[PDB]
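The next block holds one structure in the form of structure tokens; read it before the comments.
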Amino acid sequence: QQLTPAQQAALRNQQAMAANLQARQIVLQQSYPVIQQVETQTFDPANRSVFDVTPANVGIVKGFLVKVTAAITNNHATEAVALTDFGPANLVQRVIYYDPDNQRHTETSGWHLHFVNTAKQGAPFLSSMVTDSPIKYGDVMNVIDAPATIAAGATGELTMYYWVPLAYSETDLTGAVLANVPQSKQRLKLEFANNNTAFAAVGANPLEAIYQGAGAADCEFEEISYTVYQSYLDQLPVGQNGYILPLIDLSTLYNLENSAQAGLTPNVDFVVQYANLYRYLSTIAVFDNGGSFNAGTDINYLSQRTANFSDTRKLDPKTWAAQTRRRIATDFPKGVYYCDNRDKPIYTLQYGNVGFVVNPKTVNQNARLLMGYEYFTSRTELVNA
Amino acid sequence: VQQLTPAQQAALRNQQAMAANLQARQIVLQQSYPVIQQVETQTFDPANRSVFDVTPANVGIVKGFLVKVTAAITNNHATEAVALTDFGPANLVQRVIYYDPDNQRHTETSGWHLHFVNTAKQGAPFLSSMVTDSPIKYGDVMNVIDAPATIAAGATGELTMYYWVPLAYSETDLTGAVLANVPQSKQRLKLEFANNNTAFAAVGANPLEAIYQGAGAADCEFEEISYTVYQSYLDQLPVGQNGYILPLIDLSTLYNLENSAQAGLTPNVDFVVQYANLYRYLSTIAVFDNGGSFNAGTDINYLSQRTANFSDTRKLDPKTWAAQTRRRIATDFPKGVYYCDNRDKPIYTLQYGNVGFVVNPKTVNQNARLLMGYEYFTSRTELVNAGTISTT
Amino acid sequence: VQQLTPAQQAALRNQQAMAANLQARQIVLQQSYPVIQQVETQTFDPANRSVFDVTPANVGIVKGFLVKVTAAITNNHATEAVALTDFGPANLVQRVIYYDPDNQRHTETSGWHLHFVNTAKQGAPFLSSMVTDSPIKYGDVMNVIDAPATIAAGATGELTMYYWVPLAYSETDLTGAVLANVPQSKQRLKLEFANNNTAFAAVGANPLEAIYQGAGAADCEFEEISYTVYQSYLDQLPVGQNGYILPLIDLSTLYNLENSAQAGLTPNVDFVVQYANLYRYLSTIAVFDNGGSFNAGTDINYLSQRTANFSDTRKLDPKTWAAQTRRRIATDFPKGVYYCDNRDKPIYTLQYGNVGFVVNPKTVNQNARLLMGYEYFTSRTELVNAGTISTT
């Protein structure tokens, strides 16, 4: 019945998809998950702030849990400093991962990675929820913690955790990587905060800082420590040809990346086009209004729009926030906007160019949108019809 | 490559058996009707008695019991107050034991362990009221689980606690449920309540089993305690050409909670509590009673689960261990209480001590010990003939 | 008539298999060429890091690793000195763990236990220089294993320590060796070094894991530590009509060292540490850490190894026990360290705890415990699926 090149390829993917899923299911059922420490180091960022960690080459790697602790001292004679909106999420400035073939996966900021960790959890990442329980549950272990203020002459202790994903989730191995069978070494690069990035003076932009206040100039880290734990699957199932492996899962990249866009003007639609071919699962837009971060009051509306000028969700800021409250049970910090496209990823070539839109009500000097994306990127095929 | 693997399934066999079990379970859930019914209420003074044997009704398939406990505590001290211990009202029931119609025991554990499992299964502090910014007045309106933070000298405090004693694993998984329609032989739900000797701890005394601790403890007493047991079961069971359509695997499997105590800890040395064979351990709770002191991980180097030959499958520092727990219950368990979820892949050794729970302590005080709590499945016959806990 | 006997050999069988294995081993030893090669060197400050994962080269049959460790220790105290503990430089490495290309662990033990086994295998203090009356100037010329007896206030001492991490049992017995030519999958040699928190013990503190102890300990610190790992392997493996001629039993057997800790000792009562089944225990080391005090047998009534049916096979007073050790290493191990050689007839229970190591203490201080160290062979598959240590 004269199936076309398109039809045949499609057909030979439907079987590919099924084979992949089955392989994934078998790997998950037969292998056993392991999480083990890879490396720990304690240092003063005044000495060194960039570290290249070398993960162990074993089985299928799903991701890394990075524990970061720090001690900060405010030696100002009289003034305190207070946490910025991102606070300890800025202990790590940037994270970059390269697999055994030296293919780069995620490359983004600590704050963006943290917001995605929260979005994926459905609540502030590793937080302790407050309840009326008389039994003493609560913030017992201070998993993620930082003092609200550090007074002149005081030293505060902070703890922060980041999950650097390779696999999309515990059950979806899309994006996972791969030492079964040796052979191909990296790299998990961690770029930490230092005295220059962590402390912002009054009036300075707090975006990348941990603390801001009149005592900023005299604040110093005493030390930072990190411990990287690698999560992977061991005892990979073997069948007939060798390892039973989800080939599509392992040849797909699940990455986070961020960028900055400028050119905003009052009451005009600022459109950030989605960079085609990627399957965008989520989008985070931070309106850094010249160092000011506002709770929606500087925005008329936000939206996702496709090439016909047709908006799929043009919403006022509070209604946009309402959708996010359904996703993470609370609001992201001032000026941070989130958009979930997990079930139907934004994918140009499926419906023309798409763009993320912000129509600002007020635009200060040096205003810009910091965009954070979560996406899958796959093998691209072209056909002759 | 902790070992035996997925060959445990090849061994049970009766893919036909499982297929049937599961189909029958679904028919029962679809056809029967859920009922929650009061079976007994009683008010008493702990000075006279504190152990009661409740007799459940023998009807349909029993899933579990919801036990409501209320109490009034009077601090008769002249000038000193007392304050809630970390477990507080969770210690209103000291122990629970359930015997089915065939004289087989299921759960036998402490009230606090039962409560922590209730929390683990809910995914949040059991029957708690979450705080939100809602302007609509939702909140702690009904004081479902409640206890005064302190009871001042001369004051009387009112407490309310609830426990769910499970037979069935969940509302949709009847593994562990009990068929009680079939024999006149009685069930036994034994409850041992707190009393004037266990509920109050003097300053400096171990608060593990107490509800309140403080300078006025010696003069605290129960005015009275009351309990109401509600039985949850399925009625109107579906019948077929065989008769009753029943999940035979579900009903021949025991879902139990059990506790134990282990001692012999030494600074910087791995303390290993072996898991027994034949049991499929779904969760493990380890409480580090460091000689009466309960610390937030500062007295521990790391915790882990280890298989003899491979090494550790999750050797983690205390905070990272706590991080995994935060993903399960959205908060931390009380100080010194550590949880481990193995629900998707239950610890199942086939040989005794193949699988151990590890705690390497940083500091060990006098009379230190680990109080273990387990959730497991078992083949009722295997527990009858081939089972211990406890690795010395 | 400790029991099962020489029927253990009838059971393995492959008299054809063993005959072949041994022949293949001899061909490999005869045809291949031994190589010792540096794989990694590193210098660091313990204040920043002390745990390293060394990646061995995947070539031929790996026999073991020679680890050279050098360190400079500065006593910054104003006026107090420190002196070597009994283990001294043997504590420069706190722990070692080796994982083969198949993710299977072999040795997982302490630096001091590894060192004592190195000594037991050599038949004299490992890499030591024996003193003789020779007028020719042989002697401690090269300071192979060396450490200042004391480091005075304000002084800096230089130390050198060597450890042999074995995979193969010996240069002629390849049991336990690892074939690393065959997979791109990496080996892992994990080393945890002493740090400023473990190397120095204050007067009155437990010196077990420390290098120096004394009044100036609080102000001692590492200037730096350096290590160099040398890998010993066989290259140019012989090929036949099959391909590689290899001793399959040797390469499928694990030769491991492991340690454990046991507590619960009471004056004049037999303290028994059970041996696990499946493992063929070649040697046992028991260190009586009597609450931080290490005595030369005066706190012990007797030691023994005991078998169900016969009684003890060697219940001996401490001096007579030490006499047997003098025949093995030509001297005594340090105070409180006891050795037992079972190389010719390895302890092999088939049932867990059939055999135990016994210590009947004369005096027991607070926080007393026995730190056990074992050398054993195992069938790599048996350790994977059926193994624990330790009967409490």
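How things are named: the first chain in the structure tokens is A, the next is B, and so on; residues count from 1 in each chain; ligands count from 1 in the order shown.
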
Please determine the contact residues of chain C with respect to chain B at a cut-off of 7 Å, counting only C-alpha atoms, and supply them as a PDB file with N, CA and C atoms, in the first residue's frame.
ATOM      1  N   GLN C 104      32.402  -5.140  42.427  1.00  0.00           N
ATOM      2  CA  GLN C 104      32.444  -5.986  43.618  1.00  0.00           C
ATOM      3  C   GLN C 104      33.568  -5.515  44.543  1.00  0.00           C
ATOM      4  N   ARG C 105      33.266  -5.377  45.828  1.00  0.00           N
ATOM      5  CA  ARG C 105      34.269  -4.950  46.786  1.00  0.00           C
ATOM      6  C   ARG C 105      35.152  -6.096  47.225  1.00  0.00           C
ATOM      7  N   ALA C 261      33.740  -4.203  64.838  1.00  0.00           N
ATOM      8  CA  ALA C 261      33.893  -3.848  66.243  1.00  0.00           C
ATOM      9  C   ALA C 261      32.786  -4.545  67.019  1.00  0.00           C
ATOM     10  N   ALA C 263      31.210  -5.071  71.198  1.00  0.00           N
ATOM     11  CA  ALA C 263      31.253  -4.604  72.580  1.00  0.00           C
ATOM     12  C   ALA C 263      30.353  -5.484  73.446  1.00  0.00           C
ATOM     13  N   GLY C 264      30.435  -5.309  74.761  1.00  0.00           N
ATOM     14  CA  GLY C 264      29.617  -6.102  75.660  1.00  0.00           C
ATOM     15  C   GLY C 264      30.449  -7.050  76.503  1.00  0.00           C
ATOM     16  N   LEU C 383      29.835 -14.371  48.316  1.00  0.00           N
ATOM     17  CA  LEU C 383      29.885 -13.022  48.971  1.00  0.00           C
ATOM     18  C   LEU C 383      28.843 -12.061  48.375  1.00  0.00           C
ATOM     19  N   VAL C 384      28.664 -12.149  47.083  1.00  0.00           N
ATOM     20  CA  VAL C 384      27.624 -11.366  46.427  1.00  0.00           C
ATOM     21  C   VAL C 384      26.212 -11.669  46.960  1.00  0.00           C
ATOM     22  N   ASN C 385      25.897 -13.041  47.119  1.00  0.00           N
ATOM     23  CA  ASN C 385      24.533 -13.334  47.435  1.00  0.00           C
ATOM     24  C   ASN C 385      24.281 -13.776  48.874  1.00  0.00           C
ATOM     25  N   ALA C 386      25.138 -14.433  49.591  1.00  0.00           N
ATOM     26  CA  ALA C 386      24.881 -15.049  50.934  1.00  0.00           C
ATOM     27  C   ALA C 386      25.833 -14.684  52.012  1.00  0.00           C
ATOM     28  N   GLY C 387      26.281 -13.699  52.367  1.00  0.00           N
ATOM     29  CA  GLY C 387      27.291 -13.314  53.400  1.00  0.00           C
ATOM     30  C   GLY C 387      26.887 -12.181  54.426  1.00  0.00           C
ATOM     31  N   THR C 388      27.156 -12.198  55.939  1.00  0.00           N
ATOM     32  CA  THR C 388      27.312 -11.077  56.875  1.00  0.00           C
ATOM     33  C   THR C 388      28.494 -11.432  57.765  1.00  0.00           C
ATOM     34  N   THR C 391      27.939 -12.189  65.040  1.00  0.00           N
ATOM     35  CA  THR C 391      26.815 -12.839  65.707  1.00  0.00           C
ATOM     36  C   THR C 391      26.494 -12.010  66.943  1.00  0.00           C
ATOM     37  N   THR C 392      26.715 -11.072  67.216  1.00  0.00           N
ATOM     38  CA  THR C 392      26.520 -10.243  68.423  1.00  0.00           C
ATOM     39  C   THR C 392      26.827 -11.005  69.725  1.00  0.00           C
TER      40      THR C 392
END

Applying 10 Å and only C-alpha atoms, which residues near residue 120 (chain C) remain after dropping the ones on its own chain fewer than 2 positions away? List them as JSON, numbers by chain. {"C": [114, 115, 116, 117, 118, 122, 123, 124, 125, 126, 283, 325, 328, 329, 330, 333, 339, 340, 341]}

Saved selection, atoms kept: N, CA, C and O atoms, as a PDB file, in the first residue's frame:
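The result, written out as selection29.pdb:
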ATOM      1  N   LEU C 114      45.310  -3.474  57.928  1.00  0.00           N
ATOM      2  CA  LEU C 114      46.011  -3.793  56.685  1.00  0.00           C
ATOM      3  C   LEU C 114      47.509  -3.956  56.958  1.00  0.00           C
ATOM      4  O   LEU C 114      48.144  -4.910  56.473  1.00  0.00           O
ATOM      5  N   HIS C 115      48.068  -3.032  57.742  1.00  0.00           N
ATOM      6  CA  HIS C 115      49.486  -3.088  58.077  1.00  0.00           C
ATOM      7  C   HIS C 115      49.838  -4.359  58.869  1.00  0.00           C
ATOM      8  O   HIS C 115      50.848  -5.018  58.587  1.00  0.00           O
ATOM      9  N   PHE C 116      49.009  -4.719  59.845  1.00  0.00           N
ATOM     10  CA  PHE C 116      49.302  -5.918  60.630  1.00  0.00           C
ATOM     11  C   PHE C 116      49.264  -7.176  59.765  1.00  0.00           C
ATOM     12  O   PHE C 116      50.039  -8.111  59.995  1.00  0.00           O
ATOM     13  N   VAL C 117      48.366  -7.209  58.776  1.00  0.00           N
ATOM     14  CA  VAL C 117      48.311  -8.364  57.871  1.00  0.00           C
ATOM     15  C   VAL C 117      49.570  -8.360  56.982  1.00  0.00           C
ATOM     16  O   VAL C 117      50.143  -9.420  56.711  1.00  0.00           O
ATOM     17  N   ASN C 118      50.005  -7.174  56.544  1.00  0.00           N
ATOM     18  CA  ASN C 118      51.223  -7.061  55.729  1.00  0.00           C
ATOM     19  C   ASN C 118      52.377  -7.712  56.530  1.00  0.00           C
ATOM     20  O   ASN C 118      53.204  -8.454  55.987  1.00  0.00           O
ATOM     21  N   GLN C 122      54.510 -11.198  55.719  1.00  0.00           N
ATOM     22  CA  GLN C 122      55.956 -11.146  55.529  1.00  0.00           C
ATOM     23  C   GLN C 122      56.688 -12.082  56.507  1.00  0.00           C
ATOM     24  O   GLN C 122      57.762 -12.619  56.183  1.00  0.00           O
ATOM     25  N   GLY C 123      56.113 -12.271  57.692  1.00  0.00           N
ATOM     26  CA  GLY C 123      56.758 -13.112  58.694  1.00  0.00           C
ATOM     27  C   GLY C 123      57.683 -12.285  59.589  1.00  0.00           C
ATOM     28  O   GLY C 123      58.502 -12.825  60.343  1.00  0.00           O
ATOM     29  N   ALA C 124      57.550 -10.960  59.496  1.00  0.00           N
ATOM     30  CA  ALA C 124      58.327 -10.005  60.304  1.00  0.00           C
ATOM     31  C   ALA C 124      57.703  -8.624  60.110  1.00  0.00           C
ATOM     32  O   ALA C 124      56.960  -8.422  59.146  1.00  0.00           O
ATOM     33  N   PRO C 125      57.985  -7.671  61.015  1.00  0.00           N
ATOM     34  CA  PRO C 125      57.418  -6.319  60.873  1.00  0.00           C
ATOM     35  C   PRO C 125      57.618  -5.871  59.422  1.00  0.00           C
ATOM     36  O   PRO C 125      58.747  -5.843  58.910  1.00  0.00           O
ATOM     37  N   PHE C 126      56.513  -5.538  58.764  1.00  0.00           N
ATOM     38  CA  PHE C 126      56.527  -5.169  57.350  1.00  0.00           C
ATOM     39  C   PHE C 126      57.566  -4.133  56.934  1.00  0.00           C
ATOM     40  O   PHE C 126      57.628  -3.040  57.502  1.00  0.00           O
ATOM     41  N   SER C 283      43.107 -15.648  58.696  1.00  0.00           N
ATOM     42  CA  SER C 283      43.685 -15.110  59.918  1.00  0.00           C
ATOM     43  C   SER C 283      42.689 -14.230  60.644  1.00  0.00           C
ATOM     44  O   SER C 283      41.744 -13.696  60.036  1.00  0.00           O
ATOM     45  N   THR C 325      52.282 -16.524  68.205  1.00  0.00           N
ATOM     46  CA  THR C 325      52.492 -15.407  67.291  1.00  0.00           C
ATOM     47  C   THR C 325      53.978 -15.147  67.058  1.00  0.00           C
ATOM     48  O   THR C 325      54.372 -14.819  65.940  1.00  0.00           O
ATOM     49  N   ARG C 328      55.275 -16.805  64.184  1.00  0.00           N
ATOM     50  CA  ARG C 328      54.795 -16.325  62.896  1.00  0.00           C
ATOM     51  C   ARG C 328      55.430 -15.026  62.418  1.00  0.00           C
ATOM     52  O   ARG C 328      55.678 -14.880  61.217  1.00  0.00           O
ATOM     53  N   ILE C 329      55.686 -14.088  63.335  1.00  0.00           N
ATOM     54  CA  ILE C 329      56.270 -12.811  62.925  1.00  0.00           C
ATOM     55  C   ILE C 329      57.581 -12.441  63.619  1.00  0.00           C
ATOM     56  O   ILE C 329      58.057 -11.303  63.506  1.00  0.00           O
ATOM     57  N   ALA C 330      58.152 -13.407  64.342  1.00  0.00           N
ATOM     58  CA  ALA C 330      59.437 -13.231  65.003  1.00  0.00           C
ATOM     59  C   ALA C 330      59.503 -12.142  66.079  1.00  0.00           C
ATOM     60  O   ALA C 330      60.586 -11.691  66.447  1.00  0.00           O
ATOM     61  N   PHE C 333      53.105  -8.462  68.419  1.00  0.00           N
ATOM     62  CA  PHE C 333      52.392  -7.324  67.842  1.00  0.00           C
ATOM     63  C   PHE C 333      52.291  -6.337  69.011  1.00  0.00           C
ATOM     64  O   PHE C 333      52.550  -6.706  70.162  1.00  0.00           O
ATOM     65  N   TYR C 339      46.938 -11.959  67.472  1.00  0.00           N
ATOM     66  CA  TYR C 339      46.872 -12.569  66.159  1.00  0.00           C
ATOM     67  C   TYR C 339      46.648 -14.066  66.219  1.00  0.00           C
ATOM     68  O   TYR C 339      47.088 -14.741  67.158  1.00  0.00           O
ATOM     69  N   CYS C 340      45.970 -14.576  65.197  1.00  0.00           N
ATOM     70  CA  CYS C 340      45.663 -15.992  65.082  1.00  0.00           C
ATOM     71  C   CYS C 340      45.805 -16.430  63.627  1.00  0.00           C
ATOM     72  O   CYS C 340      45.118 -15.920  62.748  1.00  0.00           O
ATOM     73  N   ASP C 341      46.704 -17.380  63.376  1.00  0.00           N
ATOM     74  CA  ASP C 341      46.955 -17.906  62.024  1.00  0.00           C
ATOM     75  C   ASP C 341      46.146 -19.192  61.806  1.00  0.00           C
ATOM     76  O   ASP C 341      46.282 -20.138  62.579  1.00  0.00           O
TER      77      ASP C 341
END

Distance filter 6 Å, only C-alpha atoms, chain B against chain A, as number ranges by chain: B: 1, 86-88, 128-131, 146-147, 296, 313-314, 319, 326, 330-334

Selected residues, N, CA and C atoms, written as a PDB file, in the first residue's frame, please.
ATOM      1  N   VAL B   1      23.432  -4.850  43.278  1.00  0.00           N
ATOM      2  CA  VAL B   1      24.064  -6.432  43.170  1.00  0.00           C
ATOM      3  C   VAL B   1      24.146  -6.587  44.873  1.00  0.00           C
ATOM      4  N   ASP B  86       9.436  15.304  72.815  1.00  0.00           N
ATOM      5  CA  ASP B  86       9.409  15.305  71.348  1.00  0.00           C
ATOM      6  C   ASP B  86       8.260  14.453  70.790  1.00  0.00           C
ATOM      7  N   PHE B  87       7.914  13.344  71.464  1.00  0.00           N
ATOM      8  CA  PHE B  87       6.835  12.488  70.969  1.00  0.00           C
ATOM      9  C   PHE B  87       5.476  12.930  71.510  1.00  0.00           C
ATOM     10  N   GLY B  88       5.478  13.572  72.674  1.00  0.00           N
ATOM     11  CA  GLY B  88       4.234  14.087  73.227  1.00  0.00           C
ATOM     12  C   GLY B  88       3.040  13.158  73.251  1.00  0.00           C
ATOM     13  N   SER B 128      -2.439  15.929  60.433  1.00  0.00           N
ATOM     14  CA  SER B 128      -2.078  17.298  60.777  1.00  0.00           C
ATOM     15  C   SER B 128      -2.832  18.312  59.910  1.00  0.00           C
ATOM     16  N   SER B 129      -2.788  19.560  60.350  1.00  0.00           N
ATOM     17  CA  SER B 129      -3.394  20.674  59.625  1.00  0.00           C
ATOM     18  C   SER B 129      -2.225  21.541  59.140  1.00  0.00           C
ATOM     19  N   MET B 130      -2.067  21.596  57.824  1.00  0.00           N
ATOM     20  CA  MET B 130      -0.997  22.369  57.189  1.00  0.00           C
ATOM     21  C   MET B 130      -1.321  23.854  57.273  1.00  0.00           C
ATOM     22  N   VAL B 131      -0.309  24.673  57.504  1.00  0.00           N
ATOM     23  CA  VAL B 131      -0.520  26.115  57.575  1.00  0.00           C
ATOM     24  C   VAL B 131      -0.344  26.746  56.192  1.00  0.00           C
ATOM     25  N   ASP B 146      -3.875  16.883  69.135  1.00  0.00           N
ATOM     26  CA  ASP B 146      -3.590  18.125  69.836  1.00  0.00           C
ATOM     27  C   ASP B 146      -3.112  17.894  71.260  1.00  0.00           C
ATOM     28  N   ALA B 147      -2.240  18.779  71.740  1.00  0.00           N
ATOM     29  CA  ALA B 147      -1.739  18.709  73.118  1.00  0.00           C
ATOM     30  C   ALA B 147      -1.088  20.040  73.489  1.00  0.00           C
ATOM     31  N   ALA B 296      19.883  16.143  66.887  1.00  0.00           N
ATOM     32  CA  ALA B 296      19.564  16.321  65.477  1.00  0.00           C
ATOM     33  C   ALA B 296      20.784  15.976  64.611  1.00  0.00           C
ATOM     34  N   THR B 313      24.406   0.622  50.004  1.00  0.00           N
ATOM     35  CA  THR B 313      23.563   1.071  48.906  1.00  0.00           C
ATOM     36  C   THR B 313      23.121   2.508  49.149  1.00  0.00           C
ATOM     37  N   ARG B 314      23.377   3.015  50.354  1.00  0.00           N
ATOM     38  CA  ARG B 314      23.033   4.399  50.691  1.00  0.00           C
ATOM     39  C   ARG B 314      23.685   4.905  51.974  1.00  0.00           C
ATOM     40  N   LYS B 319      22.427  14.835  57.501  1.00  0.00           N
ATOM     41  CA  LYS B 319      21.583  15.808  56.798  1.00  0.00           C
ATOM     42  C   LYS B 319      21.093  15.289  55.452  1.00  0.00           C
ATOM     43  N   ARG B 326      12.751  14.120  53.905  1.00  0.00           N
ATOM     44  CA  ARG B 326      11.913  15.285  53.593  1.00  0.00           C
ATOM     45  C   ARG B 326      11.090  15.095  52.313  1.00  0.00           C
ATOM     46  N   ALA B 330       7.562  15.469  53.790  1.00  0.00           N
ATOM     47  CA  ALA B 330       7.525  16.919  53.684  1.00  0.00           C
ATOM     48  C   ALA B 330       8.040  17.704  54.895  1.00  0.00           C
ATOM     49  N   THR B 331       8.809  17.032  55.753  1.00  0.00           N
ATOM     50  CA  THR B 331       9.366  17.655  56.946  1.00  0.00           C
ATOM     51  C   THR B 331      10.327  16.624  57.564  1.00  0.00           C
ATOM     52  N   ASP B 332      10.896  16.944  58.721  1.00  0.00           N
ATOM     53  CA  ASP B 332      11.801  16.008  59.410  1.00  0.00           C
ATOM     54  C   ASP B 332      11.049  15.307  60.532  1.00  0.00           C
ATOM     55  N   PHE B 333      11.437  14.073  60.833  1.00  0.00           N
ATOM     56  CA  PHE B 333      10.861  13.388  61.990  1.00  0.00           C
ATOM     57  C   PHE B 333      11.558  14.060  63.177  1.00  0.00           C
ATOM     58  N   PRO B 334      11.067  13.831  64.413  1.00  0.00           N
ATOM     59  CA  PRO B 334      11.691  14.453  65.592  1.00  0.00           C
ATOM     60  C   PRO B 334      13.174  14.121  65.786  1.00  0.00           C
TER      61      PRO B 334
END

Polymer residues at most 10 Å from region 206-219 of chain A, only C-alpha atoms, same-chain spacing of 6 or more positions, as number ranges by chain: A: 72-93, 109-111, 146-155, 193-200, 286, 288, 291-293

Mind checking DSSP for region 11-77 of chain B and telling me the strand (DSSP E or B) residues as a ChimeraX atom specification? /B:33-44,51-54,61-75

Filtering to N, CA and C atoms, could you give me those residues as a compact mmCIF listing (two decimals), in the first residue's frame?
# COMPACT_ATOMS: atom_id res chain seq x y z
N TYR B 33 -18.75 -2.71 49.94
CA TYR B 33 -18.93 -1.33 50.38
C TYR B 33 -18.16 -1.12 51.68
N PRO B 34 -17.35 -0.05 51.74
CA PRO B 34 -16.54 0.31 52.91
C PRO B 34 -17.39 0.80 54.07
N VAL B 35 -17.04 0.35 55.27
CA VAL B 35 -17.75 0.76 56.47
C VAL B 35 -16.75 1.08 57.57
N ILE B 36 -17.00 2.15 58.30
CA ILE B 36 -16.16 2.48 59.44
C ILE B 36 -17.19 2.54 60.55
N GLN B 37 -16.97 1.75 61.59
CA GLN B 37 -17.94 1.63 62.67
C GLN B 37 -17.33 1.58 64.05
N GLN B 38 -17.95 2.28 65.00
CA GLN B 38 -17.45 2.26 66.36
C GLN B 38 -17.66 0.86 66.93
N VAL B 39 -16.64 0.31 67.57
CA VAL B 39 -16.80 -1.01 68.16
C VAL B 39 -16.69 -0.95 69.68
N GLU B 40 -16.07 0.10 70.20
CA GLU B 40 -15.91 0.22 71.64
C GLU B 40 -15.40 1.57 72.11
N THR B 41 -15.93 2.04 73.24
CA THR B 41 -15.49 3.29 73.85
C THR B 41 -15.36 3.02 75.34
N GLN B 42 -14.41 3.66 75.99
CA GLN B 42 -14.23 3.46 77.41
C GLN B 42 -13.44 4.59 78.04
N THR B 43 -13.81 4.94 79.27
CA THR B 43 -13.15 6.00 80.01
C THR B 43 -12.63 5.36 81.29
N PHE B 44 -11.42 5.70 81.68
CA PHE B 44 -10.85 5.09 82.86
C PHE B 44 -9.78 5.96 83.50
N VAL B 51 -4.29 -1.40 80.65
CA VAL B 51 -4.20 -2.40 79.59
C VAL B 51 -5.60 -2.89 79.25
N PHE B 52 -5.97 -2.80 77.98
CA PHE B 52 -7.30 -3.24 77.54
C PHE B 52 -7.24 -4.14 76.33
N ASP B 53 -8.15 -5.10 76.28
CA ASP B 53 -8.22 -6.02 75.16
C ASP B 53 -9.56 -5.75 74.48
N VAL B 54 -9.51 -5.12 73.31
CA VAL B 54 -10.71 -4.78 72.54
C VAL B 54 -11.08 -5.93 71.62
N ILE B 61 -14.21 -8.27 55.40
CA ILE B 61 -12.76 -8.17 55.34
C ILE B 61 -12.36 -6.94 56.16
N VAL B 62 -11.60 -7.15 57.22
CA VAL B 62 -11.18 -6.06 58.09
C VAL B 62 -9.89 -5.43 57.57
N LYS B 63 -9.90 -4.11 57.43
CA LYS B 63 -8.77 -3.37 56.90
C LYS B 63 -7.91 -2.71 57.98
N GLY B 64 -8.53 -2.30 59.08
CA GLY B 64 -7.76 -1.66 60.13
C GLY B 64 -8.63 -1.06 61.21
N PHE B 65 -7.99 -0.40 62.17
CA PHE B 65 -8.70 0.21 63.28
C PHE B 65 -8.22 1.63 63.52
N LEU B 66 -9.15 2.56 63.66
CA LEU B 66 -8.79 3.94 63.95
C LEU B 66 -9.02 4.07 65.45
N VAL B 67 -7.97 4.38 66.19
CA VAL B 67 -8.09 4.50 67.63
C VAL B 67 -7.98 5.95 68.07
N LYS B 68 -9.06 6.47 68.66
CA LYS B 68 -9.11 7.84 69.16
C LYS B 68 -8.84 7.80 70.66
N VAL B 69 -7.90 8.62 71.12
CA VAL B 69 -7.55 8.66 72.54
C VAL B 69 -7.59 10.10 73.03
N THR B 70 -8.32 10.35 74.12
CA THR B 70 -8.38 11.69 74.70
C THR B 70 -7.94 11.55 76.14
N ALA B 71 -7.33 12.60 76.68
CA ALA B 71 -6.87 12.54 78.06
C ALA B 71 -6.80 13.92 78.68
N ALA B 72 -6.97 13.96 80.00
CA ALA B 72 -6.85 15.20 80.75
C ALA B 72 -5.71 14.92 81.72
N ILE B 73 -4.72 15.80 81.71
CA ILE B 73 -3.55 15.69 82.56
C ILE B 73 -3.50 16.89 83.49
N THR B 74 -3.40 16.62 84.79
CA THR B 74 -3.33 17.70 85.77
C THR B 74 -1.94 17.81 86.38
N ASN B 75 -1.38 19.02 86.34
CA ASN B 75 -0.09 19.27 86.95
C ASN B 75 -0.42 19.77 88.36

Which residues are near region 342-346 of chain C? Cut-off 6 Å, only C-alpha atoms, ignore same chain within fewer than 5 positions. Put them as a list in words.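 The residues satisfying every condition are residues 280, 281, 282 and 283 of chain C.
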
So which one's closest to residue 149 (chain C), C:84, C:193, C:180, C:205? Using only C-alpha atoms, please.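 Ranking C:84, C:193, C:180, C:205 by distance to residue 149 (chain C), first place goes to C:84.
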
Atom pair CA of residue 16 (chain A) + CA of residue 239 (chain A), distance 17.6 Å

If we count only C-alpha atoms and set the cut-off at 10 Å, which residues sit around residue 275 (chain A), ignoring sequence neighbours fewer than 3 positions away in its own chain? Please answer as a ChimeraX atom specification. /A:272,278-280,347-348,353-355

Taking only region 5-44 of chain B into account, list the residues labelled alpha helix (DSSP H) by DSSP (computed from the backbone), as a ChimeraX atom specification. /B:7-12,16-31
